[PDB]
There are 2 protein chains.
Amino acid sequence: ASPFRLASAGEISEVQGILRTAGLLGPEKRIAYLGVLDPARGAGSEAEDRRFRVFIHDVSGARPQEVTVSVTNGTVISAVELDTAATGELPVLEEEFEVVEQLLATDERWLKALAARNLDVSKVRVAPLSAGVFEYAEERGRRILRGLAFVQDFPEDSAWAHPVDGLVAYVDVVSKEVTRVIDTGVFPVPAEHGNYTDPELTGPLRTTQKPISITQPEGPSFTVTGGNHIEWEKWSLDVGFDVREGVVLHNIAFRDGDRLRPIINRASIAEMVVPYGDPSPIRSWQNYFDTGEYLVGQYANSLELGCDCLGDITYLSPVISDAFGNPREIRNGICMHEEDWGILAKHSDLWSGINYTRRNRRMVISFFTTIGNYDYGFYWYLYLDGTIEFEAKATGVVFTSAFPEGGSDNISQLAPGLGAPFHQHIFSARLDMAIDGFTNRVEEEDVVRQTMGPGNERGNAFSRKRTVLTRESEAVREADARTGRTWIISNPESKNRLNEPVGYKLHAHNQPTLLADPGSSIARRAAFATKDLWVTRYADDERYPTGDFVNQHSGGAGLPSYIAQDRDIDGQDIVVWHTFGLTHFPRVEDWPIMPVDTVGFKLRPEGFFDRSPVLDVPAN
Amino acid sequence: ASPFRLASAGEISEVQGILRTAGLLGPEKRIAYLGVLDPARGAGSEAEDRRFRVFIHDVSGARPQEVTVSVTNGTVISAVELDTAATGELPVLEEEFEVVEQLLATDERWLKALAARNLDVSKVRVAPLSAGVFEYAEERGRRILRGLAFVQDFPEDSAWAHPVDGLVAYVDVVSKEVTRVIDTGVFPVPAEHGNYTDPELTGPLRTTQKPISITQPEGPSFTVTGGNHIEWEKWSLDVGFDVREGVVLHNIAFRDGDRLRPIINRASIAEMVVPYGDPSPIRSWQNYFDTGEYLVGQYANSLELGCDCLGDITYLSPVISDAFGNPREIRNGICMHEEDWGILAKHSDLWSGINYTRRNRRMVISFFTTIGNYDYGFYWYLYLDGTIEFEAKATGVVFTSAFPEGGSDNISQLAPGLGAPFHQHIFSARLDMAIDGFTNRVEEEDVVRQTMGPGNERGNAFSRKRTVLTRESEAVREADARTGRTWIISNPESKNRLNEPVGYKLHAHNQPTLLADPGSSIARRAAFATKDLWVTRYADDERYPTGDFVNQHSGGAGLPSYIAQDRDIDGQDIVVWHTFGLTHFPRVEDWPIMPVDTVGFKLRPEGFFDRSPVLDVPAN
Ligand SMILES: [Cu+2]
Ligand SMILES: [Cu+2]
């Protein structure tokens, strides 16, 4: 069995057993995070040592713990007591979400706030949001959550269409107490509904759509062995799954005639922040670290055939651990299918009289996650020509507020009295590079313009420049669309038939990076968001852009600290961290339900192969 | 019958008849261009005056003519004698392409050049390329073409794999004479074949691909009436076709509940240049104006089912005029079909317990054109959410040269001794805007960053700015990815329910624009390529970025001259000219047959509708 196989229900149970037997999982203990560790770099051993990292939270206030367990040997390898006031709080627990609404329901100053608005508490939903690190000294070391109210006229009503502005409440989820209730003033609560399923808003459903049937009479072209190993059109890879990172890709290799060539050792979305541009004290603290604080994989939806995934679909049902160590299965949490991608190559030659056309195809691996109001779709695509692409589809319900009577520079109006604060959706991709092996380097490519003159000039010439990033301190780069800036990851010790280093080029979308002031709190906690690309020397403990504990933790602990080591990255075991996001100024068309918008990046072969890798594709 | 219907064979014949009867189409006359004129702005008349513009070339050296004909009345409206030395030569004729190879075959200094390379003339193909405007005074007023040689080992051999560097020949196609033969020196002619159909290069064709069947058991959701009027999912438009511009789109409107709302009056790719960055005297003159000089529509391929277009396809067979006025039909020259586009909107709400998912779809209208070595696919997409997108797929065979022994800064090596000069593929989209009517304006939107401070600052706030482009002189804009710059075309006199101007936002890819030195020849002839966006006040005679006669014409005559009028564009009949291209540094993977690369832009509703326009889409 492959050491990259998905964690099974049985292994989860074993971890529960081991932690219990060791006296680490008492009735007052809760599992905040549990996931397999990747095999060590020197995995040249038959030692199928299947390890698990666990974060244990204590419900009675005692110190939490980080624990590494070996399911293979049946023992606990290590256990360290965490000082959350220093390194950050553990990820938020699902069972804590309910608590904020329940506590506030009997808080006297909260009830007074609702009475001043003539709102019935039974109809007030409270969005349990992560608390960053701000000016509240009494929050340090404590497990705090922030709540924002939304009115729900009836059980099936879209509470998001009725935000209760001017009111916030901070809650201590462990000692079960309300530390603060802030009321800046009453704001009319938007009355218009936002129910996209109500036939009065949708009107008569259109009957003009004829069905589109996509089928594969002979099954798919890809094969799945060992539960998660995929083999598709020369592509070879292992589809993993982590509750924090979500779908992870291991050992991406291309079968270049007899020789299986590695390209990327491990690919994943290591982090994703959602900063809000509203300066009002009611939401200025709002910044979700979906991956870091909520754990994307935890909230993965169960995808349905025909609706979420169309065509010949093959599902993967990843196994996750609940708060007590019991295995929980995300049924159909991962969709896999290949799809037609139009024309791959084409040419009608006059001289030779030959007409040549070839269709392209892509392998799709996706999953969807729901975090409160937002829904994200993570898509990984592998193309016949050796291209790799990632794409995020952001949908759901936009986070709302009240639209001030005098208008606003940081909020869009969606309906009468209804507003939506400006925000960004910034992602961080962690590419553990293995271009034909682990001896890689990163080159930054710029288009260079030439002046008309003595040396070859009719004013038509233009070139390209390539500077090698040698040390970590100079591997923090910005995008530059004007000069068509791209980054090439190559292997200096592996050459193509023209005697040039094989490589892969990274094409970024060049969307704006983190817009917040450089001195802001979010700028610190999410410094990775301020630059388009970072390259680091590999290290087993350097897993996330922000660090291991993002919840209520001050920033710096991630990329900015890793980089300070100033290690050599010229032909070494390296890691590429790419920052890409969406600056969203909500428009009327986003209400009441937001249509999909996208972002991403792609990697294309750059002298990797000796000639077109698709000369052998057949003809329909 | 609609005044936007495709030109028929019968109308072409009528134009032939009328020109003949008027003594304008003698045996020595040839039609260089023929196409319907769009109905006048004040088309409030029942006057179905079907007019045609014609460019008549004289084979014996006499002056050419521009002629406007009325097929409805059966008369010639106007005929003017053209001074090609002033306004430019007519587009290249197909029958002229053969002439350059035939003339050179018996030229003594050409034969000497081939003998010095031990090349047999019968195996030497000559690529008939357009001659720009350079330092040759004897070319002015004359119809000249430039030829580059390529060896073809056998009838079905890829001549492109064997360029004959260091040799060029200028030819006068009307007086049938060779004006010059330049030999800068012998270069070894690359011997390796580039035959992508040869089983020795392709190896055994892979058998791993399983079929993907896309069908619509109940037919498509769109309907075609009047030969070219399309009605699909609230979208309404007329698909036109011009030999110069190719597929053109007229009257793009959206049915917003009872009210048919215009968005774009006329959309087309008004021009596309392909400048080469090689400074060598053998190719420094190379710049194809595919649309302007060769007429894209003329070389449209006949698309085949299953290969070029997959699914339930509906074809359009546009009619074109040959050089003698006879109707020529491009069979299956236009593909039209709708296709699934994944998730449109989705949300699993915790509070309401409602799970909502909707699939997106796109209407595809495409055509492919082959010009020598290059093959281009033009795709127009209409999405359910009101989004409009254009996409160009560039494929074919890369233009080759010899790779110098010492290497080069402007040429990539693809094979031993084989090179490919650096180049760009720059397109110009002409959007005749009609956002809810002809009273439109253009606003440039920039993301503005705010400093942490006294006024609302925790350093998290960010805004957006919008400057209105009022006059033509200030409507020449550059892209700015850093600030997320976009352009909004709105109607000041048409507001949405929130009392804000309805609009559409333009999202550009932000790829580098024309790289050539600002003082170069190509910079002048293709000045439109130096800026990302231009807005002009509409005018019946301002049809192309470069002008009506691009062939051997000096530049300026297009956009830079139109703009000098400095007309008011704030709430007027306006035209948006968007520049977008691909900077191509050939890689090993592009040889011998180039896999598809893409570019484009998209327009998304920006407060156009009162709420999400897709609330009425059904559920699978
Ligand atoms: Cu958003
Ligand atoms: Cu190209």
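Residues numbered from 1 in each chain as written, not as in the entry; some residues may be left out. Chains lettered and ligands numbered in written order. Heavy atoms only, no water. Residues with missing side-chain atoms left out of burial classes, pairs and counts.

For this coordinate set, the PDB header names X-ray crystallography as the determination method and states a resolution of 2.8 Å.

The name the PDB entry assigns to chain A is AMINE OXIDASE, from the organism Arthrobacter globiformis. Per the PDB header, the title for this entry is "CRYSTAL STRUCTURES OF THE COPPER-CONTAINING AMINE OXIDASE FROM ARTHROBACTER GLOBIFORMIS IN THE HOLO-AND APO-FORMS: IMPLICATIONS FOR THE BIOGENESIS OF TOPA QUINONE". Looking at chain A in UniProt, the text filed under Function is "Catalyzes the oxidative deamination of phenylethylamine to phenylacetaldehyde with the concomitant production of hydrogen peroxide and ammonia." A UniProt comment under Subunit is attached to chain A, and it reads "Homodimer." (UniProt positions renumbered as here; feature names shortened; annotations may be inferred.)

Our next topic: the overall build of chain A. The secondary structure content of chain A amounts to eight helices and 34 strands. Against the compact-globule benchmark of 25 Å for 620 residues, chain A has a radius of gyration of 26 Å, which places it among compact chains. Seen through its C-alpha atoms, chain A measures out along the principal axes to roughly 85 × 60 × 60 Å. Contacts in chain A between residues far apart in sequence, at least 24 positions, make up 64% of those at least 6 positions apart. (Helix = DSSP H or I, 4+ residues; strand = E, 2+ residues; numbered from the N terminus. Rg over C-alpha atoms; globule rule 2.2 N^0.38 Å. Contact = heavy atoms within 4.5 Å.)

Bringing the UniProt feature "binding site: Cu cation" in chain A into the picture now. Mapped onto this structure's residue numbering, the UniProt feature "binding site: Cu cation" falls at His423(A), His425(A) and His584(A). Across 162 residues in sequence, these annotated residues keep their C-alpha atoms within 7.6 Å of one another, forming a single compact spot. Not counting chain neighbours up to four residues away, the residues in contact with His423(A) comprise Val274(A), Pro275(A), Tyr276(A), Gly277(A), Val398(A), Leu582(A), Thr583(A), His584(A), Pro586(A) and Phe462(B). There is a polar contact of 2.9 Å between the side chain of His423(A) and the side chain of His425(A). Using a relative accessible area of 8% as the deciding quantity, one classes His425(A) as buried. Ignoring any residue separated from it by four or fewer positions in sequence, one finds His425(A) in contact with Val273(A), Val274(A), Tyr376(A), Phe580(A), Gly581(A), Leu582(A) and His584(A). Within the structure, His425(A) has its side chain in polar contact with the side chain of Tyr376(A) (distance 2.8 Å). (Polar contact = N/O pair within 3.5 Å; in protein donor to acceptor, adjacent residues only side chain to side chain. Buried < 20%, exposed > 50% of the residue type's maximum accessible area, 1.4 Å probe, protein only.)

Taken as a whole, this structure holds two disulfides over all chains when the rule is applied. Paired through a disulfide, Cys309(A) and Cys335(A) show a sulfur-sulfur distance of 2.0 Å. Taking the sign of the S-S torsion, about 105° here, the bridge from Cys309(A) to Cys335(A) comes out right-handed. Of this pair, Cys309(A) sits in the loop between α6 (290–294) and β16 (314–316) while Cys335(A) is found in strand β19 (residues 334–348), placing the two residues 26 residues apart along the sequence. Each member of the pair, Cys309(A) together with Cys335(A), is buried. Not part of a disulfide, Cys307(B) finds its nearest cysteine sulfur in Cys309(B), a span of 9.8 Å. (Disulfide = S-S within 2.5 Å.)

The full count for this structure, using the stated rule, is 71 aromatic pairs over all chains. When the centroid spacing of 6.2 Å and the interplanar angle of 45° are considered together, the rings of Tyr276(A) and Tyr288(A) count as tilted. Here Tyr288(A) lies in strand β15 (residues 287–289) and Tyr276(A) lies in the loop between β14 (259–275) and β15, a separation of twelve residues in the sequence. Relative accessible area serves as the criterion here: at 6%, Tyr288(A) is assigned to the buried category. Aromatic side chains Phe378(A) and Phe390(A) sit 6.1 Å apart centroid to centroid with 50° between the ring planes, which places their arrangement in the tilted category. Pair noted here: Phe378(A) is in strand β21 (residues 374–383) and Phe390(A) is in strand β22 (residues 388–396), with a separation of twelve residues, a long-range link. An identical accessibility class is assigned to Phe378(A) and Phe390(A); each is buried. An aromatic cluster is built from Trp341(A), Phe368(A), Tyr379(A), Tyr381(A), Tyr383(A), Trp341(B), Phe368(B), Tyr379(B), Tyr381(B) and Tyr383(B), whose rings are joined through pairwise contacts. Taking NZ or CZ as reference, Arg41(B) lies 3.5 Å from the ring centre of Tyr538(B), over its face. (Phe/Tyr/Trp six-rings, centres within 6.5 Å; stacked < 30°, edge-to-face > 60°. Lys NZ or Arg CZ within 6 Å of the ring centre and 35° of its normal.)

Before going further, it helps to spend a moment on the UniProt feature "active site" in chain A. Residues and elements named next belong to chain A. Under the UniProt annotation, "active site" lies at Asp290 and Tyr374. With the annotated positions falling across 85 residues, the maximum pairwise C-alpha distance of 9.8 Å places them together in a single cluster. Mapped onto the elements, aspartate 290 comes out in helix α6. We classify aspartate 290 as buried; its relative accessible area is 2%.

A separate point is the coordination of the copper ion (ligand 1). For a metal with four tetrahedral donors the ideal donor-metal-donor angle is 109.5 degrees, while six octahedral donors give ideal angles of 90 or 180 degrees. Residues and elements named next belong to chain A. Coordination of the copper ion (ligand 1) by the protein comes from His423 (NE2), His425 (NE2) and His584 (ND1), over a distance range of 2.0 to 2.3 Å. The sequence motif formed by the donor residues of the copper ion (ligand 1) is H-x1-H-x158-H. Taken as a pair, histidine 423 in strand β26 (residues 423–433) and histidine 584 in strand β33 (residues 574–584) lie far apart in primary sequence, 161 residues in all. When its relative accessible area of 9% is taken as the criterion, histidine 584 is described as buried. (Donors = N, O, S within 2.8 Å, 3.2 Å for Na, K, Ca; no water.)

Each copy superposes on the other: chain B lies on chain A with an RMSD of 0.0 Å after a rotation of 180° and an axial shift of 0.0 Å. The relationship between the two copies is best expressed as a two-fold rotation axis. Closest to the rotation axis within chain B is the C-alpha of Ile214(B), separated from it by 2.3 Å. Interface overlap between copies: 100% of the residues of chain B at the interface are likewise at the interface in chain A, consistent with a symmetric, same-surface contact. (Least-squares fit on C-alpha atoms.)

Further remarks concern the coordination of the copper ion (ligand 2). Taken together, the protein donors to the copper ion (ligand 2) comprise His423(B) (NE2), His425(B) (NE2) and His584(B) (ND1), at separations of 2.0 to 2.3 Å. In the primary structure, the donors to the copper ion (ligand 2) are separated according to the pattern H-x1-H-x158-H.

The next point concerns the pairing of strand β25 (residues 418–421) of chain B. The side chains of a regular strand alternate, residue by residue, between the two faces of the sheet. Residues and elements named next belong to chain B. Of the two faces of β25, the one lined by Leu418 and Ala420 and the one lined by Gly419 and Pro421 are each fully buried. Direction of pairing for strand β23 (residues 401–402) relative to β25: antiparallel, over a ladder of two bridges. When the bridges of β25 are listed, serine 401 appears paired with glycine 419. For strand β24 (residues 411–415) and β25, the ladder comprises four bridges, and the chain directions are antiparallel. (Pairing = 2+ DSSP bridges.)

Below, the discussion takes up the sheet that holds strand β27 (residues 441–449) of chain B. Residues and elements named next belong to chain B. One open sheet accounts for ten strands, arranged β16-β19-β20-β21-β22-β34-β31-β30-β27-β28; its pairing is antiparallel. Strands with a single pairing partner mark the edges of an open sheet, and in this sheet they are β16 (314–316) and β28 (462–469). In this sheet, adjacent strand axes meet at a mean angle of 25° when their direction is disregarded. In terms of strand pairing, strand β31 (residues 501–508) meets strand β34 (residues 594–605) through five bridges, oriented antiparallel. Among the inter-strand pairings, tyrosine 504 is bridged to a residue of β34, identified as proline 605. (Axes fitted to C-alpha atoms, helices over the stretch in contact; angles between N-to-C directions.)

So, about the sheet that holds strand β4 (residues 75–81) of chain B. Consider a sheet: its strands pair through backbone hydrogen bonds, and that pairing is either parallel or antiparallel. Residue and element names in this part refer to chain B. Pairing in this open sheet of four strands is antiparallel, and the strands run β1-β2-β3-β4 from one edge to the other. Unpaired on one side and paired on the other, β1 (29–36) and β4 mark the two borders of the sheet. Neighbouring strand axes in the sheet, compared pairwise and without regard to direction, differ in orientation by 20° on average.

With that settled, consider the interface of chain B and chain A. For an interface, size is often stated in terms of accessible area lost upon the parts coming together. Contacts between the two partners involve 147 residues from chain B, matched on the other side by 147 residues from chain A. Of the roughly 13000 Å² buried at the junction of chain B and chain A (both faces included), carbon and sulfur atoms supply 54%. Three residues, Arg206(B), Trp351(B) and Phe462(B), lead the burial of chain B against chain A; their summed loss comes to 8% of the area buried on that side. Ionic pairing is found between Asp616(A) and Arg206(B), a salt bridge with its closest N-O pair at 2.8 Å. Summed over the shared surface of chain B and chain A, the number is 68 residue pairs in polar contact. For the side of chain B that touches chain A, the element with the highest residue contribution is strand β19 (residues 334–348) of chain B, accounting for ten residues. One ladder, built from three bridges, connects strand β9 (residues 213–215) of chain A with strand β9 (residues 213–215) of chain B; its direction is antiparallel. (Buried area = accessible area lost by both parts, 1.4 Å probe. Salt bridge = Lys/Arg side-chain N within 4 Å of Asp/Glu carboxyl O.)

Given 3.6 residues to a turn, an α-helix orients residues that are three or four positions apart in the same direction. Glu96(A), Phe97(A), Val99(A), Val100(A), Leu103(A) and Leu104(A) are the residues of helix α3 (residues 94–104) of chain A that are buried. The arc that holds the buried residues of α3(A), viewed along the axis, is 160°, so those residues lie on one side. (Arc of directions from axis to C-beta.)

Now for the environment of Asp566(A). All names here are of chain A. Residue placement: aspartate 566 occurs in the loop between α8 (559–563) and β33. Assessed through its relative accessible area of 24%, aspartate 566 is described here as partly exposed. Counting along the chain gives 165 residues from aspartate 566 to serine 401, while the straight-line C-alpha distance between them is 45 Å. Aside from chain neighbours lying at most four places away, what touches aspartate 566 is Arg471, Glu472 and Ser473. A polar contact is formed between the side chain of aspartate 566 and the side chain of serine 473, at a distance of 2.9 Å.

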